[PDB]
Amino acid sequence: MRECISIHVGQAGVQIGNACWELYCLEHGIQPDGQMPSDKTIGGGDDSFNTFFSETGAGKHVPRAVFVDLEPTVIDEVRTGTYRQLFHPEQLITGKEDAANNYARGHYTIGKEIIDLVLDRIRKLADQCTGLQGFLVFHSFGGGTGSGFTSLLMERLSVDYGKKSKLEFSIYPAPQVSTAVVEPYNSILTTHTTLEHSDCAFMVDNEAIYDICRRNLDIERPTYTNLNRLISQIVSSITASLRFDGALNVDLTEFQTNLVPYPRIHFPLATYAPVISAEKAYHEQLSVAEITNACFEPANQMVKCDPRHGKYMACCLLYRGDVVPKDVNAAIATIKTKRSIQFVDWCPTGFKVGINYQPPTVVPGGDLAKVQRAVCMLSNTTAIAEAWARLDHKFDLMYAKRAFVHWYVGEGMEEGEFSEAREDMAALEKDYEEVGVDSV
Amino acid sequence: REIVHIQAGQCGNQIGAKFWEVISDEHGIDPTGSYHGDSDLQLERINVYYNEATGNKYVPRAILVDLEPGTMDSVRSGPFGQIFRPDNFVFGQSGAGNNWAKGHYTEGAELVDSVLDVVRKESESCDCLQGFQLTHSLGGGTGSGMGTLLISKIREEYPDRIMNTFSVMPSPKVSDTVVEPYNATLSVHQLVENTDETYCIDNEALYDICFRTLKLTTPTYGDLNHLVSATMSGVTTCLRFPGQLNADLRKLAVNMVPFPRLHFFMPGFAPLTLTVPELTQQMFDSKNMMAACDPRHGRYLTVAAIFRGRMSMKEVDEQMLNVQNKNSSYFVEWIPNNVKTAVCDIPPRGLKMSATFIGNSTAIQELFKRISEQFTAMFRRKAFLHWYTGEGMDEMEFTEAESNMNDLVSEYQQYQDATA
Amino acid sequence: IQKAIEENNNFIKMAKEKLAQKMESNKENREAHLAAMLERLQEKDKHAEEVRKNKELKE
Ligand SMILES: C/C=C/[C@H](O)[C@H](C(=O)OC)[C@@H]1C\C=C/C=C/C=C/c2nc(co2)C(=O)O[C@H]([C@@H](C(=O)OC)[C@@H](O)/C=C/C)C\C=C/C=C/C=C/c2nc(co2)C(=O)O1
Ligand SMILES: Nc1nc2c(ncn2[C@@H]2O[C@H](COP(=O)(O)OP(=O)(O)OP(=O)(O)O)[C@@H](O)[C@H]2O)c(=O)[nH]1
Ligand SMILES: Nc1nc2c(ncn2[C@@H]2O[C@H](COP(=O)(O)OP(=O)(O)O)[C@@H](O)[C@H]2O)c(=O)[nH]1
Ligand SMILES: [Ca+2]
Ligand SMILES: [Mg+2]
Ligand SMILES: [Mg+2]
C-alpha cells in the first residue's frame with residue numbers, strides 16, 4: 001500500500017526517469033529483466049519497495065511509472081535500452097510531432113491529441129493500487145512538452161484524482177544546456193498554470209548541477225548523462241523514505257508538513273553532499289559533521305541562490321548510510337553556532353532529521369564516488385525566490401517587445417495569458433517577501 | 001520528420017544539384033542511390049531528405065521545376081542525375097525570359113498544377129512532414145516568379161507546415177540583366193508574407209569572397225556554387241544528424257524568428273578556402289558572410305552557430321562566450337541568451353573542422369536597401385514596365401512591393417534602435 | 001466533513017470548467033488564425049485571375 005506513481009514528461013523528464021529507475025533497481029537488487037531474487041513473495045507483496053514497484057506472477061518487478069513524450073526519439077531508446085524488459089509497452093507513450101519548444105503546442109495543439117490516452121494509462125496503474133498516495137511528475141520548464149503538456153496533465157489529474165498529492169521535480173533552465181530562447185516564457189506559463197495543482201515542487205537548476213559536475217567531479221563539459229546521474233541521487237534521497245523502512249526512517253509526507261507553511265510556498269531548496277570523485281574519495285572518509293556542514297555551502301544547492309540573505313521557514317536533513325543520531329545532533333549543534341541560519345519569527349528553529357541505513361549506491365562507470373554516508377537537506381527558504389526573480393526578468397525583457405509571442409498566439413493563445421501568468425509570478429515573489437517579514 | 005525539397009529555375013536547379021551531391025557524399029550515397037558508408041550516424045536521420053525504395057535505394061525527396069528543359073537536362077546528365085526520381089521532373093517549354101510576371105501569373109500558372117501533383121504525392125507518404133525547402137533565385141523569372149507562386153499554393157494546402165527558402169539575391173557584379181531589381185523586389189514582397197525562414201544567398205557577397213578572399217580573377221558560377229553548397233550543407237547539419245539544437249525546421253524558426261516578418265537570415269561559413277578561437281572569430285567576420293552586409297552596422301536578434309569536426313566542446317563554449325562578451329553592443333539586450341551553438345562530430349568533405357553561421361541581424365537591411373536603390377532608379381521613370389503590364393499586371397502592384405520592402409527595412413531599424 | 005467534501009468537489013468543478021473554457025477558446029483562436037491565413041491566400045488567387053483576365057482584355 002501507499003503506492004506512488006511516477007510520470008516522466010518530455011526529454012528531460014524521461015531521461016531523468018532512466019537515471020532514477022536504473023538507480024532504484026540497483027538499490028533494491030532488481031535486475032534489468034525485473035527479477036528480484038531477494039523477493040521471496042512471488043506475484044505480490046507489501047514490502048516498502050512495492051510503493052514504487054508492482055509484481056507480476058512471473059516474478060517481474062515493474063515500475064509504477066508512465067513515460068510520455070510528444071515525439072518518439074527519446075522513449076525509443078528506452079524501448080531498446082538496457083532496461084527495456086522493465087516496462088510494459090503501454091507504460092511508454094509517444095506521439096510523432098513534438099511541441100517545438102512552444103508551451104501552446106504542448107498544452108493545446110499537440111497535447112490535446114494524446115492527453116486522454118495518457119490519463120487512461122495512468123488509470124490502469126492507479127487501479128492496481130490498494131492505497132494510492134500520490135504522483136511524482138518529472139519535467140522541464142523550458143521544453144514545450146515539459147511545460148505545456150505537464151500543465152495540461154496536472155490540471156486533468158486534479159479533476160480525476162481530486163486533492164490526491166502531486167509532487168514535481170522541475171528542471172529550471174540554464175543557458176549552458178538550454179535549447180530554446182523562449183524557455184523563460186514556457187517557464188512562467190507552466191509555473192502559473194500548475195501552481196494551484198501542485199502540493200510540493202523540487203526545482204533543479206541545470207546551472208547549479210552543471211557547476212557541481214565541473215567543480216566537484218572535474219568534468220570539463222558535463223552532459224545530460226552527467227547531470228541526470230547526479231539528479232537521480234537527490235531524487236533517490238527524497239524517495240528513500242518511501243521505498244525503504246527503518247526505525248529512524250521519517251516519511252516524506254511528515255517532512256512535507258513542515259516544508260509547506262502555505263499552499264503557494266511549496267518550493268523546497270535541495271542541497272546534497274558529498275559529491276566527490278573516486279580519486280578524491282580514496283583514503284578520505286567524510287564524516288557526518290563534514291557532509292552536514294556541506295549542506296550549508298551554497299555551492300552544493302540544486303538551485304543557485306543565497307540562503308544567507310534570506311530566512312528559513314523549515315530545515316530537514318535526510319541522511320542515508322552509516323549515520324547515528326548522536327553524530328547528527330553534535331554536527332547540528334556545531335553548525336548552529338557557525339552559520340547564518342536565521343528563521344522567521346513564526347517558525348520553530350528545530351531541524352527535522354531522518355535516517356535511512358541503506359547506504360548510497362552508484363551507477364557503474366559513473367563519476368560519483370561510492371560513499372558510506374550521504375545527506376540531502378530540504379529547506380524552505382525565501383532565498384529561492386531569487387530563482388523566480390532571474391527568470392521573471394528574462395520574461396520581462398522579451399515580452400516588453402512581444403518577441404516570439406506570435407508563435408504562441410498562432411497556436412491559439414492570447415496576450416492575456418502572458419500578462420496573467422506574469423502577474424501571478426509577481427504575486428508569488430511578493431508572497432515570499434511577506435512570509436519573511438517579522439510579526440507585529 | 002521528412003522535408004520536401006523543391007528547386008525551380010536555372011539557379012535553383014544548379015545549386016539544388018550541388019546540394020544533393022554534397023549531402024549524398026556526407027551520408028554515403030552514390031549516384032545510384034546505394035549506401036556505402038562507414039558510420040551509422042549517416043543513416044540515423046537519412047529519412048529527412050531521402051526516401052527508401054526497393055533494393056535499399058535512397059531516392060532524394062526532391063522536385064525539379066523549370067519553364068525550360070535545358071537546365072534540368074544538364075541535371076540528369078550530372079554526377080547524381082540518375083539518383084533523382086524521373087517522375088519528379090516537371091518542366092515546360094515556353095520559358096520565362098527573366099520575366100517575373102510570366103513565372104508568377106502566366107506561364108508558371110499553367111505549369112503550377114502539375115508541380116502540385118508531385119508535391120502531394122511526396123507529402124502524402126510522409127510519416128511526419130516537416131515542411132518544404134525551396135532553392136531559387138529572385139532575379140530571374142521561373143525561380144523568382146513561379147517559385148513564389150508555388151509557395152503560396154503550397155501554403156494553401158499545408159498552412160501548418162514550415163516554408164524554408166534558399167533565395168539567391170541578384171548582384172550586378174555577376175549578372176548584367178537589368179530587370180532583376182524588379183524581379184527581386186516583387187519576390188521579396190511575396191517572401192515576407194508566406195515564408196517562415198529564408199536564407200539570403202547574396203551573389204554580391206559570393207563574388208567578393210571569390211575575388212578578394214579566394215583570389216579569383218574571373219569567378220565562375222561554379223566558384224560561387226562552391227560557397228553555396230558548403231553553406232547549405234552547414235545550415236542543414238542540425239537537420240541531417242542526431243542533434244539537440246534546432247533539429248527541425250519549426251524549432252529552428254522558434255529560436256531564430258522573434259517577429260514573423262523578420263525571417264531573413266545572414267549565412268556565414270568558415271574557413272573560406274586552424275583553431276577554435278580562429279574559427280569563432282572568422283565566423284562573426286563580415287568577410288565570411290554570404291550576405292553583403294556588415295553585422296557591425298546593425299544588431300543581432302538571434303544567432304545559430306554550428307561547429308563541425310572533432311574539437312574541444314569546452315573550448316567552443318569558452319570562445320562563443322568570449323565573442324558575445326567582447327561584442328555585447330551588437331546583441332540586443334531584450335532577447336537574453338539569443339546565441340545557440342551546436343556541435344557535430346562529422347566534418348564536411350576535405351576539412352578537419354568548420355563553422356557555419358546563421359544570423360538574424362538588423363543589418364540585413366543593407367541588402368534590401370541595395371535592391372531598393374536599384375529598383376527605384378528604374379521605377380521612378382517607369383522603365384521596362386511594358387514587359388509586366390503586358391502580362392496583366394498594373395503599376396499599383398509594383399508600388400505595393402516597393403512599400404512593403406521599405407516597411408521591412410523600417411522594422412529592422414525599429415528593433416535595432418530599441419532598448420531594454 | 002461536509003465542508004471538506006464540498007470544498008474538494010468545488011475545486012474539481014472549477015478546474016474542470018476552467019480547462020474546458022481554455023481549450024475551447026484556444027480552438028476558436030487557432031482556427032480563426034488559419035481561416036484568416038487562407039482567406040488572404042485566396043485573395044491572391046482572385047488577383048491572379050484578374051491579372052490573367054486583364055491580359056486577355058488587352059488583346
Ligand atoms: C544594344 C546594346 C549594345 C551595347 O553596345 C553592348 C552590346 O550588346 O554589344 C556587345 C552592351 C554589352 C554589355 C553589357 C550587356 C548588358 C545587357 C543587359 C540586358 N538586359 C536585358 C537584356 O540584356 C533585359 O532585362 O531584357 C528583358 C528581357 C529579358 O530579360 O530576356 C532576355 C525580357 O524577357 C524580361 C522582361 C521582364 C527586357 C527588359 C529590359 C531590357 C533592357 C535592355 C538592356 C540592354 N543593355 C545592353 C543591351 O541591352 C548593352 O548595353 O549591351
Ligand atoms: N537536467 C536535464 N535537463 C534536460 C535534459 N534534457 C533536456 N533538458 C532541459 O530541458 C529543456 C528543454 O526541454 P526538453 O525536455 O528537452 O523539451 P521537451 O520536454 O521534450 O518538449 P519539446 O521537445 O519542445 O516538445 C532545456 O532547458 C534543457 O536543458 C536532461 O536529460 N537532463
Ligand atoms: N549563385 C548562382 N546564381 C545563379 C546561377 N544561375 C543563375 N544565377 C542568378 O540568377 C539570376 C537569374 O535567374 P535565373 O535562375 O537564371 O532565371 P530563372 O531560370 O527564370 O530562374 C541572376 O541574377 C544570376 O546571378 C548559379 O548557378 N549560381
Ligand atoms: Ca514480493
Ligand atoms: Mg522533446
Ligand atoms: Mg539565367
# chains A, B, ... in the order shown; residues from 1 in each chain; ligands from 1

call {"tool": "residues_around", "arguments": {"residues": "residue 400 (chain A)", "least_positions_apart": "3", "cutoff": "10 Å", "atoms": "only C-alpha atoms", "output": "list in words"}}
result
residues 395, 396, 397 and 403 of chain A; 334 and 420 of chain B

call {"tool": "write_last_selection", "arguments": {"atoms": "C-alpha atoms", "output": "short mmCIF file (atom, residue, chain, number, x, y, z; two decimals), in the first residue's frame"}}
result
data_model
loop_
_atom_site.label_atom_id
_atom_site.label_comp_id
_atom_site.auth_asym_id
_atom_site.auth_seq_id
_atom_site.Cartn_x
_atom_site.Cartn_y
_atom_site.Cartn_z
CA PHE A 395 10.49 37.15 -19.38
CA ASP A 396 10.03 40.91 -18.99
CA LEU A 397 12.85 41.76 -21.40
CA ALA A 403 9.44 38.89 -29.02
CA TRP B 334 15.94 42.43 -24.76
CA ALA B 420 15.84 47.44 -22.70
#

call {"tool": "closest_atom_pairs", "arguments": {"of": "chain B", "to": "chain A", "cutoff": "7 Å", "atoms": "only C-alpha atoms", "output": "Markdown table"}}
result
| residue | atom | partner | partner_atom | distance |
| --- | --- | --- | --- | --- |
| B:128 | CA | A:96 | CA | 6.8 |
| B:245 | CA | A:179 | CA | 5.5 |
| B:250 | CA | A:100 | CA | 6.2 |
| B:251 | CA | A:100 | CA | 4.9 |
| B:255 | CA | A:181 | CA | 5.6 |
| B:257 | CA | A:404 | CA | 6.9 |
| B:258 | CA | A:404 | CA | 4.3 |
| B:259 | CA | A:404 | CA | 6.1 |
| B:313 | CA | A:221 | CA | 6.9 |
| B:314 | CA | A:221 | CA | 5.6 |
| B:334 | CA | A:397 | CA | 4.6 |
| B:335 | CA | A:398 | CA | 5.5 |
| B:336 | CA | A:394 | CA | 6.4 |
| B:337 | CA | A:181 | CA | 6.4 |
| B:338 | CA | A:181 | CA | 6.0 |
| B:420 | CA | A:397 | CA | 6.6 |

call {"tool": "write_last_selection", "arguments": {"atoms": "N, CA, C and O atoms", "output": "PDB file, in the first residue's frame"}}
result
ATOM      1  N   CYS B 128       5.720  12.098 -41.016  1.00  0.00           N
ATOM      2  CA  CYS B 128       5.503  13.345 -40.283  1.00  0.00           C
ATOM      3  C   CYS B 128       6.204  14.453 -41.064  1.00  0.00           C
ATOM      4  O   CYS B 128       7.410  14.657 -40.906  1.00  0.00           O
ATOM      5  N   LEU B 245      19.949  20.731 -30.728  1.00  0.00           N
ATOM      6  CA  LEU B 245      19.586  22.112 -31.008  1.00  0.00           C
ATOM      7  C   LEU B 245      19.128  22.255 -32.453  1.00  0.00           C
ATOM      8  O   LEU B 245      19.799  21.776 -33.371  1.00  0.00           O
ATOM      9  N   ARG B 250      10.819  23.705 -37.472  1.00  0.00           N
ATOM     10  CA  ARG B 250       9.991  24.522 -36.591  1.00  0.00           C
ATOM     11  C   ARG B 250      10.786  25.002 -35.383  1.00  0.00           C
ATOM     12  O   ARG B 250      10.705  26.178 -35.010  1.00  0.00           O
ATOM     13  N   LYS B 251      11.562  24.111 -34.761  1.00  0.00           N
ATOM     14  CA  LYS B 251      12.376  24.520 -33.624  1.00  0.00           C
ATOM     15  C   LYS B 251      13.425  25.544 -34.027  1.00  0.00           C
ATOM     16  O   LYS B 251      13.765  26.428 -33.235  1.00  0.00           O
ATOM     17  N   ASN B 255      13.556  29.589 -32.509  1.00  0.00           N
ATOM     18  CA  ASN B 255      14.743  30.203 -31.930  1.00  0.00           C
ATOM     19  C   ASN B 255      15.265  31.378 -32.743  1.00  0.00           C
ATOM     20  O   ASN B 255      15.984  32.221 -32.195  1.00  0.00           O
ATOM     21  N   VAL B 257      13.264  33.394 -35.236  1.00  0.00           N
ATOM     22  CA  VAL B 257      12.317  34.388 -35.739  1.00  0.00           C
ATOM     23  C   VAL B 257      11.560  35.030 -34.582  1.00  0.00           C
ATOM     24  O   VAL B 257      10.508  34.517 -34.171  1.00  0.00           O
ATOM     25  N   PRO B 258      12.038  36.152 -34.036  1.00  0.00           N
ATOM     26  CA  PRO B 258      11.282  36.809 -32.961  1.00  0.00           C
ATOM     27  C   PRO B 258      10.042  37.526 -33.457  1.00  0.00           C
ATOM     28  O   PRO B 258       9.093  37.700 -32.686  1.00  0.00           O
ATOM     29  N   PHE B 259      10.016  37.943 -34.722  1.00  0.00           N
ATOM     30  CA  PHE B 259       8.862  38.595 -35.305  1.00  0.00           C
ATOM     31  C   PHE B 259       8.639  37.990 -36.685  1.00  0.00           C
ATOM     32  O   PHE B 259       9.608  37.753 -37.421  1.00  0.00           O
ATOM     33  N   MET B 313      34.712  20.731 -26.938  1.00  0.00           N
ATOM     34  CA  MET B 313      33.460  21.441 -26.703  1.00  0.00           C
ATOM     35  C   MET B 313      33.598  22.445 -25.565  1.00  0.00           C
ATOM     36  O   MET B 313      32.897  23.465 -25.551  1.00  0.00           O
ATOM     37  N   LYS B 314      34.483  22.175 -24.603  1.00  0.00           N
ATOM     38  CA  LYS B 314      34.780  23.163 -23.572  1.00  0.00           C
ATOM     39  C   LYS B 314      35.399  24.414 -24.181  1.00  0.00           C
ATOM     40  O   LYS B 314      35.087  25.537 -23.768  1.00  0.00           O
ATOM     41  N   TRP B 334      17.292  42.864 -25.079  1.00  0.00           N
ATOM     42  CA  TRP B 334      15.937  42.428 -24.757  1.00  0.00           C
ATOM     43  C   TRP B 334      15.638  41.007 -25.232  1.00  0.00           C
ATOM     44  O   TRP B 334      14.492  40.560 -25.103  1.00  0.00           O
ATOM     45  N   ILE B 335      16.629  40.292 -25.758  1.00  0.00           N
ATOM     46  CA  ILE B 335      16.490  38.866 -26.046  1.00  0.00           C
ATOM     47  C   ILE B 335      17.653  38.144 -25.375  1.00  0.00           C
ATOM     48  O   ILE B 335      18.705  37.946 -26.000  1.00  0.00           O
ATOM     49  N   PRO B 336      17.515  37.738 -24.114  1.00  0.00           N
ATOM     50  CA  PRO B 336      18.635  37.088 -23.427  1.00  0.00           C
ATOM     51  C   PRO B 336      18.955  35.731 -24.031  1.00  0.00           C
ATOM     52  O   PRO B 336      18.066  34.995 -24.462  1.00  0.00           O
ATOM     53  N   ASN B 337      20.245  35.402 -24.047  1.00  0.00           N
ATOM     54  CA  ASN B 337      20.718  34.096 -24.500  1.00  0.00           C
ATOM     55  C   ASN B 337      20.197  33.786 -25.900  1.00  0.00           C
ATOM     56  O   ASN B 337      19.608  32.734 -26.156  1.00  0.00           O
ATOM     57  N   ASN B 338      20.423  34.722 -26.816  1.00  0.00           N
ATOM     58  CA  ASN B 338      19.913  34.611 -28.175  1.00  0.00           C
ATOM     59  C   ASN B 338      20.872  33.894 -29.117  1.00  0.00           C
ATOM     60  O   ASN B 338      20.560  33.759 -30.306  1.00  0.00           O
ATOM     61  N   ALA B 420      16.438  48.187 -23.800  1.00  0.00           N
ATOM     62  CA  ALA B 420      15.844  47.445 -22.696  1.00  0.00           C
ATOM     63  C   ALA B 420      15.243  48.399 -21.670  1.00  0.00           C
ATOM     64  O   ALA B 420      14.132  48.183 -21.186  1.00  0.00           O
TER      65      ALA B 420
END

call {"tool": "residues_around", "arguments": {"residues": "region 287-293 of chain A", "least_positions_apart": "2", "cutoff": "12 Å", "atoms": "only C-alpha atoms", "output": "PyMOL selection string"}}
result
chain A and resi 271-276+281+284-285+295-300+316-339+351+353+355+371-377

call {"tool": "residues_near_ligand", "arguments": {"ligand": "ligand 6", "cutoff": "10 Å", "atoms": "only C-alpha atoms and all ligand atoms", "output": "PyMOL selection string"}}
result
chain B and resi 9-11+71+96-98+137+139-143+175+177

call {"tool": "residues_near_ligand", "arguments": {"ligand": "ligand 2", "cutoff": "6 Å", "atoms": "only C-alpha atoms and all ligand atoms", "output": "number ranges by chain"}}
result
A: 10-12, 15-16, 70, 98-101, 140, 142-146, 173, 177-179, 206, 224, 227-228

call {"tool": "atom_distance", "arguments": {"atom1": "CA of residue 210 (chain B)", "atom2": "CA of residue 226 (chain B)"}}
result
9.8 Å

call {"tool": "closest_atom_pairs", "arguments": {"of": "chain B", "to": "chain C", "cutoff": "6 Å", "atoms": "only C-alpha atoms", "output": "tab-separated table"}}
result
residue	atom	partner	partner_atom	distance
B:391	CA	C:55	CA	5.4
B:392	CA	C:55	CA	4.2
B:393	CA	C:51	CA	5.6

call {"tool": "atom_distance", "arguments": {"atom1": "CA of residue 355 (chain B)", "atom2": "CA of residue 188 (chain B)"}}
result
28.1 Å

call {"tool": "residues_around", "arguments": {"residues": "region 290-300 of chain B", "least_positions_apart": "4", "cutoff": "7 Å", "atoms": "only C-alpha atoms", "output": "ChimeraX atom specification"}}
result
/B:200-202,204-206,266-268,286,330-332,359-364,366-367,416

call {"tool": "closest_atom_pairs", "arguments": {"of": "chain C", "to": "chain A", "cutoff": "12 Å", "atoms": "only C-alpha atoms", "output": "CSV"}}
result
residue,atom,partner,partner_atom,distance
C:4,CA,A:163,CA,10.9
C:5,CA,A:162,CA,10.3
C:6,CA,A:162,CA,11.6
C:7,CA,A:163,CA,10.2
C:8,CA,A:162,CA,6.6
C:9,CA,A:162,CA,7.6
C:10,CA,A:162,CA,9.9
C:11,CA,A:162,CA,7.8
C:12,CA,A:159,CA,4.9
C:13,CA,A:159,CA,7.5
C:14,CA,A:159,CA,9.1
C:15,CA,A:159,CA,6.6
C:16,CA,A:159,CA,6.2
C:17,CA,A:159,CA,9.9
C:18,CA,A:155,CA,9.3
C:19,CA,A:155,CA,7.5
C:20,CA,A:156,CA,10.5
C:22,CA,A:413,CA,8.9
C:23,CA,A:108,CA,6.7
C:24,CA,A:412,CA,9.7
C:25,CA,A:412,CA,7.6
C:26,CA,A:412,CA,4.4
C:27,CA,A:412,CA,6.4
C:28,CA,A:412,CA,7.3
C:29,CA,A:412,CA,4.6
C:30,CA,A:412,CA,4.2
C:31,CA,A:412,CA,7.9
C:32,CA,A:412,CA,8.6
C:33,CA,A:410,CA,6.5
C:34,CA,A:410,CA,8.4
C:35,CA,A:410,CA,11.6
C:36,CA,A:410,CA,11.2
C:37,CA,A:410,CA,10.5

call {"tool": "closest_residue", "arguments": {"among": "B:372, B:54, B:105, B:47", "to": "residue 46 (chain C)", "atoms": "only C-alpha atoms"}}
result
B:105

call {"tool": "closest_residue", "arguments": {"among": "A:54, A:198, A:190, A:6", "to": "ligand 4", "atoms": "only C-alpha atoms and all ligand atoms"}}
result
A:54

call {"tool": "residues_near_ligand", "arguments": {"ligand": "ligand 4", "cutoff": "9 Å", "atoms": "only C-alpha atoms and all ligand atoms", "output": "compact mmCIF listing (two decimals) with N, CA and C atoms, in the first residue's frame"}}
result
# COMPACT_ATOMS: atom_id res chain seq x y z
N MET A 36 13.91 -10.11 -9.07
CA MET A 36 14.49 -9.69 -7.80
C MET A 36 14.64 -10.93 -6.93
N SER A 38 15.97 -11.55 -4.09
CA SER A 38 15.75 -11.38 -2.66
C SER A 38 14.27 -11.32 -2.30
N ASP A 39 13.39 -11.08 -3.27
CA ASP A 39 11.95 -11.01 -3.02
C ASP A 39 11.39 -12.42 -3.02
N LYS A 40 11.07 -12.94 -1.83
CA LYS A 40 10.55 -14.29 -1.71
C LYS A 40 9.04 -14.37 -1.96
N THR A 41 8.33 -13.25 -1.87
CA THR A 41 6.90 -13.22 -2.13
C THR A 41 6.68 -12.99 -3.63
N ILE A 42 6.27 -14.04 -4.33
CA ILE A 42 6.12 -14.00 -5.78
C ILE A 42 4.72 -13.51 -6.12
N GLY A 43 4.62 -12.71 -7.18
CA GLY A 43 3.35 -12.20 -7.65
C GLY A 43 2.81 -11.00 -6.91
N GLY A 44 3.34 -10.69 -5.73
CA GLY A 44 2.87 -9.54 -4.98
C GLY A 44 3.69 -9.35 -3.73
N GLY A 45 3.28 -8.36 -2.94
CA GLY A 45 3.95 -8.07 -1.69
C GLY A 45 3.51 -6.76 -1.07
N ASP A 46 3.80 -6.59 0.22
CA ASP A 46 3.53 -5.34 0.93
C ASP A 46 4.81 -4.68 1.42
N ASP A 47 5.96 -5.10 0.90
CA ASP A 47 7.23 -4.53 1.34
C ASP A 47 7.35 -3.08 0.88
N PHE A 49 9.55 -1.49 -0.92
CA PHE A 49 9.85 -1.22 -2.32
C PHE A 49 8.62 -1.40 -3.22
N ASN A 50 7.53 -1.97 -2.70
CA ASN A 50 6.32 -2.10 -3.50
C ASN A 50 5.59 -0.78 -3.68
N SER A 54 5.44 -2.68 -8.83
CA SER A 54 4.46 -3.75 -8.81
C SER A 54 5.13 -5.07 -9.19
N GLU A 55 4.43 -6.17 -8.97
CA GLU A 55 4.97 -7.51 -9.19
C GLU A 55 4.01 -8.32 -10.05
N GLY A 59 7.32 -13.05 -11.34
CA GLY A 59 8.39 -12.51 -10.53
C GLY A 59 9.02 -11.25 -11.05
N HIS A 61 9.42 -7.32 -11.37
CA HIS A 61 9.11 -6.12 -10.59
C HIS A 61 9.03 -4.94 -11.55

call {"tool": "residues_near_ligand", "arguments": {"ligand": "ligand 1", "cutoff": "7 Å", "atoms": "only C-alpha atoms and all ligand atoms", "output": "JSON, numbers by chain"}}
result
{"B": [97, 98, 99, 100, 176, 177, 178, 179, 384, 387, 388]}

call {"tool": "write_last_selection", "arguments": {"atoms": "C-alpha atoms", "output": "PDB file, in the first residue's frame"}}
result
ATOM      1  CA  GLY B  97      12.686  35.124 -70.224  1.00  0.00           C
ATOM      2  CA  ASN B  98      13.631  36.627 -66.848  1.00  0.00           C
ATOM      3  CA  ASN B  99      10.053  37.915 -66.534  1.00  0.00           C
ATOM      4  CA  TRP B 100       8.569  37.661 -63.041  1.00  0.00           C
ATOM      5  CA  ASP B 176      24.033  42.223 -66.165  1.00  0.00           C
ATOM      6  CA  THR B 177      20.300  41.637 -66.709  1.00  0.00           C
ATOM      7  CA  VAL B 178      18.601  44.920 -65.870  1.00  0.00           C
ATOM      8  CA  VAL B 179      15.097  43.806 -64.806  1.00  0.00           C
ATOM      9  CA  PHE B 384      10.616  48.463 -68.872  1.00  0.00           C
ATOM     10  CA  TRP B 387       7.033  43.563 -70.109  1.00  0.00           C
ATOM     11  CA  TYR B 388       4.972  43.188 -66.901  1.00  0.00           C
TER      12      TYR B 388
END

call {"tool": "atom_distance", "arguments": {"atom1": "CA of residue 40 (chain B)", "atom2": "CA of residue 27 (chain B)"}}
result
9.3 Å

call {"tool": "select_by_dssp", "arguments": {"residues": "region 21-232 of chain B", "states": "alpha helix (DSSP H)", "output": "NGL selection string"}}
result
:B and (21-26 or 69-77 or 100-104 or 107-124 or 147-157 or 180-194 or 203-208 or 221-232)

call {"tool": "select_by_dssp", "arguments": {"residues": "region 32-238 of chain A", "states": "strand (DSSP E)", "output": "PyMOL selection string"}}
result
chain A and resi 53-55+61-63+65-69+92-94+134-140+165-172+200-205

call {"tool": "closest_residue", "arguments": {"among": "B:342, B:262, B:247, B:418", "to": "ligand 5", "atoms": "only C-alpha atoms and all ligand atoms"}}
result
B:247
